[PDB]
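Take a look at this one chain, the form solved without ligand 51G, written out in structure tokens.
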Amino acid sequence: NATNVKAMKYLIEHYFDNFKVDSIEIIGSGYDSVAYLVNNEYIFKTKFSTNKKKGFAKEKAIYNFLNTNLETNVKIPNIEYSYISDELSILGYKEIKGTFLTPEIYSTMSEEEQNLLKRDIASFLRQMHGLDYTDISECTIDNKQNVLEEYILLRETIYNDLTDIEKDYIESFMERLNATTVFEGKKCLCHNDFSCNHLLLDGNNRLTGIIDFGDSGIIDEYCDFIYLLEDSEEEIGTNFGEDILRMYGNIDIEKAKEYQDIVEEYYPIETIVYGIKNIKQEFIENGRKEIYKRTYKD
């Protein structure tokens, strides 16, 4: 813990000339990124070399586009420091203060408080999805086409060594992908990782901030409801997403649910593909095991 911090302190002070680190601690870890709280005031997100190049470039472009075009009281990161290179990227911004939404917290809220939070979310998503995205048009994401490409990569690498059960899970997913219509609707700018661990509450349990637009892009409108609709320990629950969808309006709820159910089915495959691309056997294994867990359930 002590050593990472020292290296990152050095790099921050090196790349940002007059920035002085008086304190620094790890506040979070993705699987190939790390976030630090610095001087109790700044978040610094960092990343070394990864399969997905230009990641922090797009993320930065999005923050800039949003800070310029959103009219909202909800805070999002506003980038003050950035360094972007193949081998190393860093984004720094002032920490948004607040408490992350969790299921526990939600359950202590009154019905009215829950309603106002749902309205706040719906409104934010309505405003973001409504933006003219011409100026960020480079940030397009085609999930269907991405999946097809990932399937081809599988075929070119490990597919032949998979078991029949594994192959059947994959082929049955591809058949569903080919039959669905859920990619043919409205495209817009989406947060695209819109889970409750990215949502911040103020002291009245109202939505005060949103973080981690690191996967954001122009993509299906349905994308931003995938976690709101999720039934799991980490998310609030399907009814929460449903109510938010009704407040948001003008969207086919059944298709939103189909979209979520398809993304969830893909997860073990997505995991395997991550392992292949990053030469991390442990992910390949975990994804394959998960296919068995899902196959044997019910």
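Counting begins at 1, following the sequence as shown.
What comes next is about the form deposited with ligand 51G bound, which does not appear here.
The three residues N192, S195 and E264 all sit with a heavy atom within 4.5 Å of ligand 51G in the bound PDB entry. Only one of 125 to 133, 222 to 230, 101 to 109, 175 to 183 places residue heavy atoms within 4.5 angstroms of ligand 51G in the bound PDB entry, namely 222 to 230. Although the partner is absent here, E270 lies within 4.5 Å of ligand 51G in the bound PDB entry, judged by heavy atoms. Though the partner is left out of this view, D215 does reach within 4.5 Å of ligand 51G in the bound PDB entry, counting heavy atoms only.
In the bound PDB entry, no heavy atom of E254 sits within 4.5 Å of ligand 51G.
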